[PDB]
Each structure stands twice: as C-alpha cells, then as structure tokens.
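In order, the protein sequences belong to chains B and A. If you read the first sequence in PDB author numbering, its first letter stands for residue 1828, the second for the next number, and so on. If you read the second sequence in PDB author numbering, its first letter stands for residue 1828, the second for the next number, and so on. Idealized CB from N, CA, C, for every residue including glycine. One structure is given here, and the rest of the page talks about it.
Protein chains: 2
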Amino acid sequence: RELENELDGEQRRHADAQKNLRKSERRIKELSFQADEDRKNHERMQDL
Amino acid sequence: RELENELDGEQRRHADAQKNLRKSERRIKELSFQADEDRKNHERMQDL
C-alpha cells in the first residue's frame, strides 16, 4: 500500500520532466526553422 | 515482486528525461547565442 504510492507519486514526478521536454522541443524546432532561413538568406547573399 | 520491478523501471525512465532536459536546457541557449549573434552579424553584413 505504501510502495504503490511511491509508484503513484513518481509518475507525477515523471510528468513535469516530460512536460518541460515538449516545451523544450517545441522551441528547438521553432528557432531552427528560423535558423535555416538565416542560411537560405545567406546562400544568395554570398552569391551576390 | 513485480510492482517493485515496475518502480525501478520507470525510475530508470525518469533518468532519461532528467538527462534529456539537461541536454535540452543547454542546447536552447547555445543555439540562441548562435542565433542572436547571427541576428546581429547579418545587419553588419548588409553594409558589407
């Protein structure tokens, strides 16, 4: 009865880790998408 | 026996997310530095 509440409580503690990871991974797909626009804005600027 | 086998499995699953957060928390800055430097260097390049 007490060991399950360790397991019930830790699955709450797994959540905010996974909660923060999607908030992390949403940013790294966001900034990189702009970052490859900085590359596409440079490949023409180099040719100029 | 099995519920304690369920605990250390998902506690080991907690170690990946705690690592990957600490992986992501370093990466979100170290792209942003090479983002915000690029956002400054490009305006310098426009005069070039």
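- Proximity of A/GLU1829 to chain B, defined by a Cβ-Cβ separation below 9 angstroms, is not satisfied.
- Contact of B/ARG1839 with chain A is not assigned, every C-beta pair being separated by 9 angstroms or more.
- Among the residues of chain A, those whose CB is under 8 angstroms from the CB of B/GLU1852 are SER1851, following chain order.
- In this structure, A/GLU1831 lies away from B/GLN1838, with their beta-carbon atoms at least 9 angstroms apart.
- B/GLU1833 belongs to the set of residues whose beta carbon lies under 9 angstroms from a beta carbon in chain A.
- Taking the beta carbon of B/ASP1865 as reference, the chain A residues within 9 angstroms of it are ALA1862, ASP1865, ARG1866, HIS1869, listed in sequence order.
- Taking the beta carbon of B/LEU1858 as reference, the chain A residues within 9 angstroms of it are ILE1855, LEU1858, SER1859, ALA1862, listed in sequence order.
- Judged by DSSP in its simplified three-state form, A/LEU1875 adopts coil rather than helix or strand.
- B/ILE1855 and A/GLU1870 have their C-alpha atoms roughly 24 angstroms apart.
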